[PDB]
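With compact mmCIF, N, CA, C and O atoms inside, this is final06.txt:
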```txt
# COMPACT_ATOMS: atom_id res chain seq x y z
N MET B 1 -58.71 142.03 -131.33
CA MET B 1 -59.18 142.94 -130.25
C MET B 1 -59.33 142.17 -128.93
O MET B 1 -59.55 140.96 -128.94
N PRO B 2 -59.10 142.84 -127.78
CA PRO B 2 -59.23 142.25 -126.44
C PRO B 2 -60.62 141.69 -126.11
O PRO B 2 -61.66 142.25 -126.49
N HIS B 3 -60.61 140.62 -125.32
CA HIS B 3 -61.84 140.10 -124.79
C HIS B 3 -61.88 140.56 -123.34
O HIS B 3 -60.94 141.19 -122.83
N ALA B 4 -62.96 140.22 -122.65
CA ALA B 4 -62.93 140.32 -121.20
C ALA B 4 -61.94 139.32 -120.60
O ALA B 4 -61.52 138.32 -121.24
N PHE B 5 -61.51 139.64 -119.40
CA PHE B 5 -60.67 138.75 -118.61
C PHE B 5 -61.39 137.42 -118.39
O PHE B 5 -62.62 137.36 -118.27
N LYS B 6 -60.58 136.34 -118.48
CA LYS B 6 -61.11 135.00 -118.22
C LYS B 6 -60.11 134.21 -117.37
O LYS B 6 -58.93 134.53 -117.33
N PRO B 7 -60.54 133.12 -116.69
CA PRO B 7 -59.60 132.30 -115.93
C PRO B 7 -58.46 131.79 -116.80
O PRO B 7 -58.65 131.41 -117.96
N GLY B 8 -57.26 131.87 -116.20
CA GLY B 8 -56.05 131.48 -116.90
C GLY B 8 -55.28 132.65 -117.50
O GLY B 8 -54.11 132.53 -117.83
N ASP B 9 -55.95 133.80 -117.68
CA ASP B 9 -55.18 134.92 -118.18
C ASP B 9 -54.07 135.36 -117.20
O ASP B 9 -54.28 135.40 -116.00
N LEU B 10 -52.94 135.79 -117.76
CA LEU B 10 -51.75 136.16 -116.99
C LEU B 10 -51.70 137.69 -116.96
O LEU B 10 -51.90 138.32 -118.01
N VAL B 11 -51.34 138.23 -115.78
CA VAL B 11 -51.40 139.69 -115.60
C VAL B 11 -50.28 140.10 -114.66
O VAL B 11 -49.63 139.32 -113.97
N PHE B 12 -50.00 141.43 -114.63
CA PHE B 12 -49.53 142.03 -113.40
C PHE B 12 -50.71 142.72 -112.74
O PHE B 12 -51.49 143.39 -113.44
N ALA B 13 -50.88 142.45 -111.44
CA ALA B 13 -52.01 142.93 -110.66
C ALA B 13 -51.50 143.99 -109.68
O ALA B 13 -50.50 143.75 -108.98
N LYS B 14 -52.20 145.14 -109.58
CA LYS B 14 -51.75 146.18 -108.66
C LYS B 14 -52.64 146.26 -107.42
O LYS B 14 -53.85 146.37 -107.54
N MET B 15 -51.96 146.26 -106.26
CA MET B 15 -52.50 146.44 -104.92
C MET B 15 -51.82 147.70 -104.38
O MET B 15 -50.66 147.94 -104.64
N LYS B 16 -52.58 148.46 -103.58
CA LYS B 16 -52.05 149.65 -102.94
C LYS B 16 -50.84 149.27 -102.11
O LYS B 16 -50.83 148.26 -101.39
N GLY B 17 -49.73 150.02 -102.27
CA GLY B 17 -48.58 149.75 -101.44
C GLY B 17 -47.66 148.65 -101.96
O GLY B 17 -46.61 148.38 -101.39
N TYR B 18 -48.07 148.01 -103.06
CA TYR B 18 -47.22 146.97 -103.59
C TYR B 18 -46.91 147.26 -105.05
O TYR B 18 -47.70 147.89 -105.74
N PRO B 19 -45.77 146.76 -105.55
CA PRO B 19 -45.42 146.91 -106.97
C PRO B 19 -46.41 146.04 -107.78
O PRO B 19 -46.95 145.07 -107.25
N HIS B 20 -46.56 146.40 -109.04
CA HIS B 20 -47.36 145.59 -109.98
C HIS B 20 -46.82 144.16 -109.94
O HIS B 20 -45.62 143.96 -110.06
N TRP B 21 -47.72 143.16 -109.70
CA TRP B 21 -47.25 141.87 -109.16
C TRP B 21 -47.65 140.78 -110.15
O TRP B 21 -48.80 140.72 -110.56
N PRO B 22 -46.74 139.83 -110.47
CA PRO B 22 -47.14 138.74 -111.39
C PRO B 22 -48.28 137.89 -110.81
O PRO B 22 -48.24 137.48 -109.65
N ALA B 23 -49.30 137.64 -111.62
CA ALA B 23 -50.50 137.01 -111.11
C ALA B 23 -51.31 136.39 -112.25
O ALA B 23 -51.01 136.56 -113.42
N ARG B 24 -52.33 135.61 -111.88
CA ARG B 24 -53.25 135.06 -112.86
C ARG B 24 -54.70 135.25 -112.43
O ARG B 24 -54.96 135.36 -111.22
N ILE B 25 -55.63 135.27 -113.40
CA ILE B 25 -57.04 135.12 -113.05
C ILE B 25 -57.30 133.67 -112.72
O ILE B 25 -57.06 132.81 -113.55
N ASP B 26 -57.79 133.43 -111.52
CA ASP B 26 -58.06 132.05 -111.13
C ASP B 26 -59.47 131.63 -111.52
O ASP B 26 -60.39 132.41 -111.76
N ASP B 27 -59.67 130.30 -111.50
CA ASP B 27 -61.02 129.78 -111.53
C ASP B 27 -61.57 129.78 -110.09
O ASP B 27 -60.85 130.01 -109.12
N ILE B 28 -62.87 129.56 -109.99
CA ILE B 28 -63.46 129.43 -108.66
C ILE B 28 -63.86 127.96 -108.60
O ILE B 28 -64.54 127.52 -109.50
N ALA B 29 -63.31 127.23 -107.63
CA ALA B 29 -63.64 125.82 -107.47
C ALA B 29 -65.11 125.67 -107.07
O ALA B 29 -65.71 126.55 -106.45
N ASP B 30 -65.73 124.56 -107.47
CA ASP B 30 -67.05 124.24 -106.91
C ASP B 30 -66.99 124.35 -105.39
O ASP B 30 -66.05 123.86 -104.78
N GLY B 31 -68.00 125.00 -104.80
CA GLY B 31 -68.11 125.13 -103.36
C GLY B 31 -67.27 126.24 -102.74
O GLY B 31 -67.40 126.52 -101.54
N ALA B 32 -66.45 126.90 -103.56
CA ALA B 32 -65.54 127.93 -103.06
C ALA B 32 -66.25 129.27 -102.98
O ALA B 32 -67.21 129.55 -103.68
N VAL B 33 -65.73 130.17 -102.13
CA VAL B 33 -66.28 131.53 -102.05
C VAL B 33 -66.12 132.33 -103.35
O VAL B 33 -65.02 132.40 -103.87
N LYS B 34 -67.21 132.89 -103.86
CA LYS B 34 -67.25 133.68 -105.10
C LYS B 34 -66.80 135.12 -104.84
O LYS B 34 -67.02 135.66 -103.77
N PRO B 35 -66.22 135.81 -105.84
CA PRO B 35 -65.79 137.19 -105.64
C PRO B 35 -67.03 138.07 -105.64
O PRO B 35 -68.08 137.70 -106.13
N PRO B 36 -66.89 139.33 -105.18
CA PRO B 36 -67.94 140.33 -105.39
C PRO B 36 -68.25 140.59 -106.86
O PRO B 36 -67.39 140.38 -107.71
N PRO B 37 -69.45 141.12 -107.25
CA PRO B 37 -69.68 141.54 -108.63
C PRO B 37 -68.58 142.44 -109.18
O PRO B 37 -68.04 143.29 -108.47
N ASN B 38 -68.26 142.24 -110.46
CA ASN B 38 -67.31 143.03 -111.21
C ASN B 38 -65.88 142.80 -110.71
O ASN B 38 -65.00 143.52 -111.17
N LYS B 39 -65.68 141.78 -109.84
CA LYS B 39 -64.33 141.50 -109.33
C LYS B 39 -63.94 140.10 -109.81
O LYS B 39 -64.76 139.25 -110.16
N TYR B 40 -62.62 139.90 -109.92
CA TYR B 40 -62.05 138.62 -110.32
C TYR B 40 -61.21 138.07 -109.19
O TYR B 40 -60.55 138.80 -108.46
N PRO B 41 -61.07 136.72 -109.09
CA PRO B 41 -60.15 136.16 -108.12
C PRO B 41 -58.75 136.14 -108.72
O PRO B 41 -58.56 135.59 -109.80
N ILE B 42 -57.85 136.84 -108.05
CA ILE B 42 -56.49 136.99 -108.57
C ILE B 42 -55.57 136.16 -107.70
O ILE B 42 -55.49 136.38 -106.45
N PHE B 43 -54.83 135.21 -108.31
CA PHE B 43 -53.83 134.50 -107.58
C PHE B 43 -52.48 135.14 -107.87
O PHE B 43 -52.07 135.27 -109.02
N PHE B 44 -51.78 135.50 -106.82
CA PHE B 44 -50.52 136.16 -106.90
C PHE B 44 -49.40 135.13 -106.85
O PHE B 44 -49.31 134.32 -105.89
N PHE B 45 -48.59 135.12 -107.91
CA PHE B 45 -47.48 134.16 -107.94
C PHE B 45 -46.49 134.52 -106.84
O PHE B 45 -46.38 135.67 -106.41
N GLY B 46 -45.75 133.50 -106.39
CA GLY B 46 -44.69 133.72 -105.40
C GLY B 46 -45.28 133.73 -103.98
O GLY B 46 -45.01 132.85 -103.17
N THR B 47 -46.16 134.70 -103.67
CA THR B 47 -46.83 134.68 -102.37
C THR B 47 -47.91 133.61 -102.29
O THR B 47 -48.28 133.15 -101.21
N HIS B 48 -48.51 133.28 -103.43
CA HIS B 48 -49.60 132.32 -103.51
C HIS B 48 -50.81 132.81 -102.73
O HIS B 48 -51.65 132.03 -102.33
N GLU B 49 -50.96 134.14 -102.66
CA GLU B 49 -52.14 134.71 -102.03
C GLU B 49 -53.22 135.06 -103.06
O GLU B 49 -52.97 135.04 -104.28
N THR B 50 -54.48 135.22 -102.61
CA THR B 50 -55.61 135.53 -103.46
C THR B 50 -56.20 136.83 -102.95
O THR B 50 -56.40 136.99 -101.73
N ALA B 51 -56.46 137.78 -103.87
CA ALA B 51 -57.30 138.93 -103.58
C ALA B 51 -58.31 139.09 -104.72
O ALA B 51 -58.19 138.51 -105.82
N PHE B 52 -59.34 139.94 -104.51
CA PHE B 52 -60.35 140.15 -105.52
C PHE B 52 -60.11 141.55 -106.07
O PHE B 52 -60.03 142.54 -105.34
N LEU B 53 -59.95 141.63 -107.39
CA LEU B 53 -59.61 142.89 -108.02
C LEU B 53 -60.46 143.09 -109.26
O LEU B 53 -60.97 142.17 -109.90
N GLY B 54 -60.65 144.39 -109.60
CA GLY B 54 -61.30 144.64 -110.86
C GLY B 54 -60.29 145.00 -111.95
O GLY B 54 -59.12 145.22 -111.68
N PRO B 55 -60.77 145.09 -113.19
CA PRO B 55 -59.92 145.38 -114.35
C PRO B 55 -58.98 146.57 -114.31
O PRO B 55 -57.91 146.55 -114.91
N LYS B 56 -59.41 147.59 -113.54
CA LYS B 56 -58.55 148.77 -113.45
C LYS B 56 -57.17 148.47 -112.84
O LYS B 56 -56.18 149.15 -113.12
N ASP B 57 -57.04 147.32 -112.11
CA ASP B 57 -55.81 146.97 -111.44
C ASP B 57 -55.14 145.76 -112.16
O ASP B 57 -54.17 145.26 -111.62
N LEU B 58 -55.64 145.42 -113.35
CA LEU B 58 -55.11 144.22 -114.05
C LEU B 58 -54.47 144.63 -115.38
O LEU B 58 -55.11 145.16 -116.29
N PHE B 59 -53.17 144.30 -115.49
CA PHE B 59 -52.37 144.68 -116.67
C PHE B 59 -51.98 143.40 -117.42
O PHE B 59 -51.23 142.60 -116.87
N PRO B 60 -52.40 143.19 -118.67
CA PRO B 60 -52.09 141.92 -119.36
C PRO B 60 -50.58 141.72 -119.40
O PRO B 60 -49.75 142.60 -119.62
N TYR B 61 -50.11 140.47 -119.09
CA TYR B 61 -48.71 140.21 -118.85
C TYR B 61 -47.79 140.43 -120.08
O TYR B 61 -46.75 141.00 -119.87
N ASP B 62 -48.26 140.01 -121.24
CA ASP B 62 -47.43 140.13 -122.47
C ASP B 62 -47.05 141.59 -122.74
O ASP B 62 -45.86 141.91 -122.73
N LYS B 63 -48.08 142.45 -122.74
CA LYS B 63 -47.88 143.88 -123.00
C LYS B 63 -47.02 144.52 -121.92
O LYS B 63 -46.26 145.45 -122.23
N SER B 64 -47.10 144.07 -120.65
CA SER B 64 -46.60 144.77 -119.49
C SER B 64 -45.26 144.27 -118.94
O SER B 64 -44.69 144.88 -118.02
N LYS B 65 -44.80 143.11 -119.43
CA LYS B 65 -43.68 142.45 -118.78
C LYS B 65 -42.36 143.22 -118.90
O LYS B 65 -41.54 143.19 -117.97
N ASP B 66 -42.21 143.96 -120.00
CA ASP B 66 -41.01 144.77 -120.20
C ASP B 66 -40.88 145.86 -119.13
O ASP B 66 -39.79 146.24 -118.73
N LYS B 67 -42.01 146.37 -118.64
CA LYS B 67 -42.01 147.39 -117.62
C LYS B 67 -42.00 146.82 -116.21
O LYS B 67 -41.38 147.39 -115.32
N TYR B 68 -42.78 145.75 -115.98
CA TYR B 68 -43.04 145.33 -114.61
C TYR B 68 -42.31 144.03 -114.21
O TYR B 68 -42.22 143.76 -113.02
N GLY B 69 -41.73 143.34 -115.19
CA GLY B 69 -41.14 142.01 -114.97
C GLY B 69 -39.65 142.10 -114.64
O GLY B 69 -38.84 141.56 -115.36
N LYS B 70 -39.31 142.86 -113.62
CA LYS B 70 -37.92 143.01 -113.19
C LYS B 70 -37.85 142.61 -111.72
O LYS B 70 -38.82 142.74 -110.98
N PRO B 71 -36.71 142.09 -111.20
CA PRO B 71 -36.67 141.69 -109.80
C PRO B 71 -36.98 142.80 -108.81
O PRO B 71 -36.72 143.97 -109.10
N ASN B 72 -37.52 142.40 -107.66
CA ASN B 72 -37.96 143.34 -106.65
C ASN B 72 -37.60 142.69 -105.32
O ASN B 72 -37.62 141.47 -105.19
N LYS B 73 -37.26 143.53 -104.35
CA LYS B 73 -36.83 143.06 -103.06
C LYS B 73 -37.98 142.42 -102.28
O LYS B 73 -37.74 141.73 -101.29
N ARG B 74 -39.25 142.64 -102.68
CA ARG B 74 -40.34 142.22 -101.82
C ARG B 74 -40.48 140.70 -101.76
O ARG B 74 -40.25 140.03 -102.77
N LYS B 75 -40.88 140.21 -100.58
CA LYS B 75 -41.04 138.79 -100.28
C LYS B 75 -41.91 138.14 -101.36
O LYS B 75 -43.06 138.53 -101.54
N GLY B 76 -41.34 137.13 -102.02
CA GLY B 76 -42.11 136.28 -102.92
C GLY B 76 -42.07 136.79 -104.36
O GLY B 76 -42.49 136.04 -105.24
N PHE B 77 -41.59 138.01 -104.60
CA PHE B 77 -41.72 138.58 -105.93
C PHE B 77 -40.91 137.80 -106.97
O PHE B 77 -41.37 137.51 -108.08
N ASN B 78 -39.64 137.52 -106.67
CA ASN B 78 -38.78 136.89 -107.67
C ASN B 78 -39.20 135.42 -107.90
O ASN B 78 -39.12 134.93 -109.05
N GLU B 79 -39.72 134.75 -106.85
CA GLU B 79 -40.33 133.44 -107.05
C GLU B 79 -41.50 133.61 -108.02
O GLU B 79 -41.72 132.80 -108.94
N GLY B 80 -42.27 134.68 -107.78
CA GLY B 80 -43.45 134.86 -108.63
C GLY B 80 -43.06 135.11 -110.08
O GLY B 80 -43.79 134.72 -111.00
N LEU B 81 -41.97 135.86 -110.35
CA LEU B 81 -41.51 136.05 -111.71
C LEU B 81 -41.16 134.72 -112.37
O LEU B 81 -41.43 134.53 -113.56
N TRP B 82 -40.58 133.79 -111.58
CA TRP B 82 -40.24 132.50 -112.17
C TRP B 82 -41.52 131.75 -112.53
O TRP B 82 -41.58 131.14 -113.59
N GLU B 83 -42.49 131.75 -111.62
CA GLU B 83 -43.70 131.00 -111.80
C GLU B 83 -44.43 131.47 -113.05
O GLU B 83 -44.90 130.67 -113.85
N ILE B 84 -44.63 132.81 -113.20
CA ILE B 84 -45.44 133.28 -114.31
C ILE B 84 -44.77 132.99 -115.65
O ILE B 84 -45.45 132.77 -116.63
N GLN B 85 -43.42 132.95 -115.70
CA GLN B 85 -42.68 132.67 -116.94
C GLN B 85 -42.59 131.17 -117.22
O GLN B 85 -42.70 130.78 -118.42
N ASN B 86 -42.47 130.35 -116.18
CA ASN B 86 -42.09 128.95 -116.36
C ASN B 86 -43.19 127.94 -116.09
O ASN B 86 -43.15 126.85 -116.70
N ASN B 87 -44.17 128.23 -115.23
CA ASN B 87 -45.26 127.29 -115.03
C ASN B 87 -46.47 128.05 -114.48
O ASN B 87 -46.98 127.84 -113.38
N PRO B 88 -47.02 128.94 -115.33
CA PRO B 88 -48.05 129.83 -114.80
C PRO B 88 -49.40 129.16 -114.60
O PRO B 88 -50.22 129.71 -113.90
N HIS B 89 -49.59 127.91 -115.10
CA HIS B 89 -50.88 127.26 -114.99
C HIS B 89 -50.84 126.02 -114.06
O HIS B 89 -51.86 125.34 -113.93
N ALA B 90 -49.80 125.95 -113.26
CA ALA B 90 -49.66 124.81 -112.34
C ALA B 90 -50.51 125.01 -111.10
O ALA B 90 -50.94 126.11 -110.76
N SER B 91 -50.71 123.92 -110.36
CA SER B 91 -51.25 123.96 -109.02
C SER B 91 -50.16 124.38 -108.05
O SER B 91 -49.11 123.74 -107.98
N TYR B 92 -50.45 125.44 -107.27
CA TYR B 92 -49.55 125.93 -106.24
C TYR B 92 -50.16 125.82 -104.84
O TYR B 92 -49.55 126.30 -103.89
N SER B 93 -51.33 125.19 -104.73
CA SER B 93 -51.92 124.76 -103.47
C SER B 93 -50.93 123.86 -102.70
O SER B 93 -50.37 122.94 -103.34
```
Exercise: express the given structure as structure tokens:
Amino acid sequence: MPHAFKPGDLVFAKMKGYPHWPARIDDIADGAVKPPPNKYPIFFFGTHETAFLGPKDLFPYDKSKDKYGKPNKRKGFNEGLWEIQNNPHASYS
């Protein structure tokens, strides 16, 4: 059975106006800005941007990749598909 989301989990994350996007739950570094309650820090592969999202916008990657893991014209998307498949736990700073 599923657990709650934790750092390192792989997802497609949905933002208004954007396709479901390859992403991970990030850790919060010591001294770094914390997310709002009930929100997670989401790092988006390819763009390397961070937004704060709740579970309603987070789709576990294994279950979802057949539907959402296809190339997309949007900036950074296909880079992000490579990252989540090939080195999803690397430093992209």
Can you list, as a ChimeraX atom specification, every protein, DNA or RNA residue that comes within 9 Å of residue 57 in chain B when you count only C-alpha atoms, leaving out same-chain residues fewer than 3 positions away?
/B:12-15,20,53-54
What would the file look like if the residues just selected were written as a PDB file, in the coordinates of the input with N, CA, C and O atoms?
```pdb
ATOM      1  N   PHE B  12     -50.000 141.430-114.630  1.00  0.00           N
ATOM      2  CA  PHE B  12     -49.530 142.030-113.400  1.00  0.00           C
ATOM      3  C   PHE B  12     -50.710 142.720-112.740  1.00  0.00           C
ATOM      4  O   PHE B  12     -51.490 143.390-113.440  1.00  0.00           O
ATOM      5  N   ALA B  13     -50.880 142.450-111.440  1.00  0.00           N
ATOM      6  CA  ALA B  13     -52.010 142.930-110.660  1.00  0.00           C
ATOM      7  C   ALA B  13     -51.500 143.990-109.680  1.00  0.00           C
ATOM      8  O   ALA B  13     -50.500 143.750-108.980  1.00  0.00           O
ATOM      9  N   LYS B  14     -52.200 145.140-109.580  1.00  0.00           N
ATOM     10  CA  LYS B  14     -51.750 146.180-108.660  1.00  0.00           C
ATOM     11  C   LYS B  14     -52.640 146.260-107.420  1.00  0.00           C
ATOM     12  O   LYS B  14     -53.850 146.370-107.540  1.00  0.00           O
ATOM     13  N   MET B  15     -51.960 146.260-106.260  1.00  0.00           N
ATOM     14  CA  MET B  15     -52.500 146.440-104.920  1.00  0.00           C
ATOM     15  C   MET B  15     -51.820 147.700-104.380  1.00  0.00           C
ATOM     16  O   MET B  15     -50.660 147.940-104.640  1.00  0.00           O
ATOM     17  N   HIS B  20     -46.560 146.400-109.040  1.00  0.00           N
ATOM     18  CA  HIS B  20     -47.360 145.590-109.980  1.00  0.00           C
ATOM     19  C   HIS B  20     -46.820 144.160-109.940  1.00  0.00           C
ATOM     20  O   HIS B  20     -45.620 143.960-110.060  1.00  0.00           O
ATOM     21  N   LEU B  53     -59.950 141.630-107.390  1.00  0.00           N
ATOM     22  CA  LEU B  53     -59.610 142.890-108.020  1.00  0.00           C
ATOM     23  C   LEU B  53     -60.460 143.090-109.260  1.00  0.00           C
ATOM     24  O   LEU B  53     -60.970 142.170-109.900  1.00  0.00           O
ATOM     25  N   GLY B  54     -60.650 144.390-109.600  1.00  0.00           N
ATOM     26  CA  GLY B  54     -61.300 144.640-110.860  1.00  0.00           C
ATOM     27  C   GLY B  54     -60.290 145.000-111.950  1.00  0.00           C
ATOM     28  O   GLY B  54     -59.120 145.220-111.680  1.00  0.00           O
TER      29      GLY B  54
END
```
Step by step, gather every atom of range 49-52 of chain B that the file lists, find the box along x, y and z that holds them, add 6 Å on each side, and finally give centre and edge lengths in Å to one decimal, as AutoDock Vina command-line options.
```
--center_x -55.7 --center_y 138.3 --center_z -103.9 --size_x 21.4 --size_y 20.4 --size_z 16.3
```
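Using all atoms listed in the file, the smallest distance between any of B:46, B:92, B:7, B:58 and residue 28 in chain B comes from B:7.
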Residue neighbourhood residue 22 in chain B, 12 Å, only C-alpha atoms, exclusion window fewer than 3 positions, as an MDAnalysis selection string:
chainID B and resid 9:15 18:19 25 42:49 57:62 64:65 67:72 76:85 88
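Note that atom C of residue 50 in chain B and atom C of residue 3 in chain B are 21.5 Å apart.
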Within chain B, find each residue whose DSSP state, derived from the backbone, is helix (DSSP H, G or I), and express the selection as a compact mmCIF listing (two decimals) with N, CA, C and O atoms, keeping the file's coordinate frame.
```txt
# COMPACT_ATOMS: atom_id res chain seq x y z
N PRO B 55 -60.77 145.09 -113.19
CA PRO B 55 -59.92 145.38 -114.35
C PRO B 55 -58.98 146.57 -114.31
O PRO B 55 -57.91 146.55 -114.91
N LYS B 56 -59.41 147.59 -113.54
CA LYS B 56 -58.55 148.77 -113.45
C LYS B 56 -57.17 148.47 -112.84
O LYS B 56 -56.18 149.15 -113.12
N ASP B 57 -57.04 147.32 -112.11
CA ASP B 57 -55.81 146.97 -111.44
C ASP B 57 -55.14 145.76 -112.16
O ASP B 57 -54.17 145.26 -111.62
N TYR B 61 -50.11 140.47 -119.09
CA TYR B 61 -48.71 140.21 -118.85
C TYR B 61 -47.79 140.43 -120.08
O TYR B 61 -46.75 141.00 -119.87
N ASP B 62 -48.26 140.01 -121.24
CA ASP B 62 -47.43 140.13 -122.47
C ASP B 62 -47.05 141.59 -122.74
O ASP B 62 -45.86 141.91 -122.73
N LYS B 63 -48.08 142.45 -122.74
CA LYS B 63 -47.88 143.88 -123.00
C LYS B 63 -47.02 144.52 -121.92
O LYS B 63 -46.26 145.45 -122.23
N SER B 64 -47.10 144.07 -120.65
CA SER B 64 -46.60 144.77 -119.49
C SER B 64 -45.26 144.27 -118.94
O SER B 64 -44.69 144.88 -118.02
N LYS B 65 -44.80 143.11 -119.43
CA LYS B 65 -43.68 142.45 -118.78
C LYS B 65 -42.36 143.22 -118.90
O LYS B 65 -41.54 143.19 -117.97
N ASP B 66 -42.21 143.96 -120.00
CA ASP B 66 -41.01 144.77 -120.20
C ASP B 66 -40.88 145.86 -119.13
O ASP B 66 -39.79 146.24 -118.73
N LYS B 67 -42.01 146.37 -118.64
CA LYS B 67 -42.01 147.39 -117.62
C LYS B 67 -42.00 146.82 -116.21
O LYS B 67 -41.38 147.39 -115.32
N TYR B 68 -42.78 145.75 -115.98
CA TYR B 68 -43.04 145.33 -114.61
C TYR B 68 -42.31 144.03 -114.21
O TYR B 68 -42.22 143.76 -113.02
N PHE B 77 -41.59 138.01 -104.60
CA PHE B 77 -41.72 138.58 -105.93
C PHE B 77 -40.91 137.80 -106.97
O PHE B 77 -41.37 137.51 -108.08
N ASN B 78 -39.64 137.52 -106.67
CA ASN B 78 -38.78 136.89 -107.67
C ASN B 78 -39.20 135.42 -107.90
O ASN B 78 -39.12 134.93 -109.05
N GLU B 79 -39.72 134.75 -106.85
CA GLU B 79 -40.33 133.44 -107.05
C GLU B 79 -41.50 133.61 -108.02
O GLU B 79 -41.72 132.80 -108.94
N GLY B 80 -42.27 134.68 -107.78
CA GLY B 80 -43.45 134.86 -108.63
C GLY B 80 -43.06 135.11 -110.08
O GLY B 80 -43.79 134.72 -111.00
N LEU B 81 -41.97 135.86 -110.35
CA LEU B 81 -41.51 136.05 -111.71
C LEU B 81 -41.16 134.72 -112.37
O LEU B 81 -41.43 134.53 -113.56
N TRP B 82 -40.58 133.79 -111.58
CA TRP B 82 -40.24 132.50 -112.17
C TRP B 82 -41.52 131.75 -112.53
O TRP B 82 -41.58 131.14 -113.59
N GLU B 83 -42.49 131.75 -111.62
CA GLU B 83 -43.70 131.00 -111.80
C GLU B 83 -44.43 131.47 -113.05
O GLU B 83 -44.90 130.67 -113.85
N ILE B 84 -44.63 132.81 -113.20
CA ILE B 84 -45.44 133.28 -114.31
C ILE B 84 -44.77 132.99 -115.65
O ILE B 84 -45.45 132.77 -116.63
N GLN B 85 -43.42 132.95 -115.70
CA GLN B 85 -42.68 132.67 -116.94
C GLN B 85 -42.59 131.17 -117.22
O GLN B 85 -42.70 130.78 -118.42
N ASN B 86 -42.47 130.35 -116.18
CA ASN B 86 -42.09 128.95 -116.36
C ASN B 86 -43.19 127.94 -116.09
O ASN B 86 -43.15 126.85 -116.70
```
Can you list, as number ranges by chain, every residue of range 8-87 of chain B that DSSP puts in strand (DSSP E)?
B: 10-13, 21-25, 40-44, 49-53, 58-60
Between CA of residue 63 in chain B and CA of residue 16 in chain B, what is the spacing in Å?
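So the two atoms, CA of residue 16 in chain B and CA of residue 63 in chain B, lie 21.3 Å apart.
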For each of B:55, B:31, B:17, B:36, take the minimum atom-to-atom distance to residue 5 in chain B, counting only N, CA, C and O atoms, then give the residue where this is smallest.
B:55
Test item: residues at most 5 Å from residue 41 in chain B, all atoms listed in the file, excluding those fewer than 6 positions along its chain, as a VMD selection string
chain B and resid 24 to 26 51 to 52
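Atom pair atom O of residue 89 in chain B / atom C of residue 8 in chain B has a distance of 8.8 Å (rounded to one decimal).
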